[PDB]
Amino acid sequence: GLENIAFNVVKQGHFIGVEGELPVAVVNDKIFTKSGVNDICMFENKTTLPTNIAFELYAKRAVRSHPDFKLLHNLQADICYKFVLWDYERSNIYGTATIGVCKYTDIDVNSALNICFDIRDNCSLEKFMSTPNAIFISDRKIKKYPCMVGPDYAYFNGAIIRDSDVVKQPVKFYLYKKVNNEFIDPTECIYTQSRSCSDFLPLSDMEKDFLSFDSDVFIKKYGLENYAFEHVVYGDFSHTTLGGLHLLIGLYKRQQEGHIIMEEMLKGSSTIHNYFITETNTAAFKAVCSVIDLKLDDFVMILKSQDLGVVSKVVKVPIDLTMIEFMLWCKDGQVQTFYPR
């Protein structure tokens, strides 16, 4: 129980099933332990769950790499099988109920929910394979079955981790989803990159050039005259309502100049983020600026696929294992704007 989980956390960094106790006060949203003559705060509840339970779930993070939470949400994963994923930005669990982790939150392994199974847990593959409605995460292709191949990054202990020769946790995942004992077989999709304004590195020569070039030079170099990059990507700050700015790399490049404030009402990994943004020289502002983190070469691809001869169209692009809708507006053979709905 509680004292034992506190011991594990202090001694072994997290829950490992070791034995031993520490004294523990549970005080509103906080967990304290008596170390020597001092009471020391081990935990601070940002959950809707009883402070002692949240702390348990935390201590019982799964400490391995996995797909970013947005992907799981888009696959409609409800709950995990015999493990629990900690979202560090939120300081909470993915979901609210659990299976074979914590008695208080455990629910019977049943069963209309989309259960998420991971190959690194003992015989979860066999279990997944017997389960009507489920998701499977695997570091390796499984036979022949239809498979959503993951992107070139993954989530590990709070950080985003990029695929490469030297990585010691798995980054490239193979995802499987069965709906009524039948495997799902979606159309290939593009991926967002889970970068932020604190942690942004470019991924192509286009992105490198974008972050360093004058806007007029960049546009001219890549034949983007007709694609409204100044409104849509670079963003427009001369007006009372702040214009465009729907691609992250543009938001990143902009904030790095020091004159931007943003709030995000609904925080956490997601295919689309919405910001409440103010430019602090012009006072240009927008209450909902919807932004997406596509690789810029990828974003450009999508635009150049558009029929510019049509005034208004709902564009529908497979991303992060769903369909994302953009509005596209055009006039006189040019993009006026392009944004997420």
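A residue's number is simply how far along the shown sequence it sits, counting from 1.
Visitor: Can you let me know which of the two, 181-189 or 227-235, has the higher average C-alpha B-factor in the entry?
Guide: Looking at the record's C-alpha B-factors, the answer is 181-189.
Visitor: Mean Cα B factor from the PDB record: higher for 260-268, or higher for 109-117?
Guide: Taking the mean C-alpha B-factor of 260-268 and of 109-117, the larger value falls to 109-117.
Visitor: Relative to the other modelled residues of the same chain, rank the CA B-factor of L321 and answer lowest, middle or highest third.
Guide: It falls in the middle third of the chain.
Visitor: Within this chain's modelled residues, let me know which third the CA B factor of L296 belongs to: lowest, middle or highest.
Guide: For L296, the deposited C-alpha B-factor lands in the middle third.
Visitor: Consider only the C-alpha atoms of the modelled residues in this chain, order them by B-factor as the entry records it, and name the third containing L57: lowest, middle or highest.
Guide: For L57, whose C-alpha B-factor we compare with every modelled residue in the chain, the answer is the lowest third.
Visitor: Which third of the chain does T278 land in by C-alpha B-factor: lowest, middle or highest?
Guide: Lowest third - that is where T278 ends up once the chain's C-alpha B-factors are sorted.
Visitor: Among the modelled residues of its chain, does the C-alpha B-factor of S312 lie in the lowest, middle or highest third?
Guide: Its C-alpha B-factor, which the entry lists for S312, ranks in the highest third among residues of this chain.
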